[PDB]
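The chain below stands alone and is given in structure tokens; this is the form deposited in one PDB entry.
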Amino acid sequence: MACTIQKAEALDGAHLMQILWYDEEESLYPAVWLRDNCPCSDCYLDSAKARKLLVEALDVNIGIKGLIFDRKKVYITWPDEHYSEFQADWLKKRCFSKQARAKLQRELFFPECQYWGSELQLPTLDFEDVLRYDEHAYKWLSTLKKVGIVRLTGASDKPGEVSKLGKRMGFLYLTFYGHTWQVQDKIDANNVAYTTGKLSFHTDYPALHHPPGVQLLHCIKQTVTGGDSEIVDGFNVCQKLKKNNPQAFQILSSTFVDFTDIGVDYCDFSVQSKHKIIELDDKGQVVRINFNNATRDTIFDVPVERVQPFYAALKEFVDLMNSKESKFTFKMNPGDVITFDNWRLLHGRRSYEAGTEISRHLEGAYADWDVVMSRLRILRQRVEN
């Protein structure tokens, strides 16, 4: 009844098609959009699922010349004698009502979000299961999207495990630090991460204009002298900052900060960027945090009178992250892998002691959110069918 056609007709100077469905709901489809989306082989390349029709071929003032219909299809003639068929179910899905469009957007983009603080129960799956079973890889990526982090247990204590996860998604995101990289204390370290020091809360790689969406960290070797992990939900922290100090939130969400990274690793590099630390979409919702205090430049491209208030705002933001209500602390053991949303979470680690042999070793990599979402879309289809 919902997707069965009861009536179809051209309205409003034939510039609109109205479908009355058998449940008595009505849907409206502009004629220009119908013409633009003709599925015939002249207009649409089925092997590619892509539009061949050019904007140049489209009369934006077009109207329907003739229309007949049955319960499952509409058949339209156009003014220039072009001919189109549209399926009822295809039409129903693309209904222009707010409810129908929002339902479809949810299906495409998985927007459901669960914010957390120190009460987090770390979602945990088995590593080999995720590699082997679509049901498990689906739970992995969907939970990664919703919660921002999933721990995988039972990997080996050898390099190469993040690369398996990379292939499971599709491919890893290459950067100047390599396809994968080794987190260990290094002589003449080219990054603060490659020392035994504390890492305060940061996102990785704000020196890029498109920071990595998803980060993978696999514990090969752990030390008993420190090196615990800490994470925080930046979207949760931002919400609290907006509530507690709207001025601080306004400053961090509007001030461009310069980031830098110069050195040599997989290739030689001299990287510069600008980001707002709290990055809002066109509706004022936080979509990304861009903040690593190590790679924030000495160069600061603001008028002098804005400098101290910026630092005061930043300090408030960091104090919120460190609060016992926000922060979640845990320790990785050999064989553990954490996979997390590097646009949403901030992460850190406690200092540990240096010595003459390597006491601590993580292997890490990145993936692009679009690559992850693609896999998530495919998995959902496989597991629901």
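Residues that one form lacks are left out of the comparison. Numbering starts at 1 and follows the sequence shown. Here the rigid core means the biggest group of C-alpha atoms that line up within 1.5 Å when the two forms are laid on top of each other.
The form deposited in another entry is left out here; the points below concern that form.
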Would you mind telling me which residue of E230, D258, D204, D185 shifts its Cα by 2 Å or more between the shown form and the other one when the core is superposed?
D185
Just checking, between the shown form and the other one and with the core aligned, does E56 shift 2 Å or more at the CA?
no
Align on the rigid core first; then say whether the Cα of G355 has moved by at least 2 Å between the shown form and the other one.
yes
Is the C-alpha displacement of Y194 equal to or greater than 2 Å between the shown form and the other one once the rigid core has been superposed?
yes
Would one find the Cα atoms of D368 and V192 closer or farther in that other deposited form than in this form, where their distance changes by 3 Å or more?
farther
Where do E353 and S326 end up in that other deposited form, Cα atoms closer or farther than shown, with a change of 3 Å or more?
closer
At 2 Å or more of Cα shift, core superposed, where are the runs of at least three residues that differ between the shown form and the other one?
184-199, 225-228, 350-358
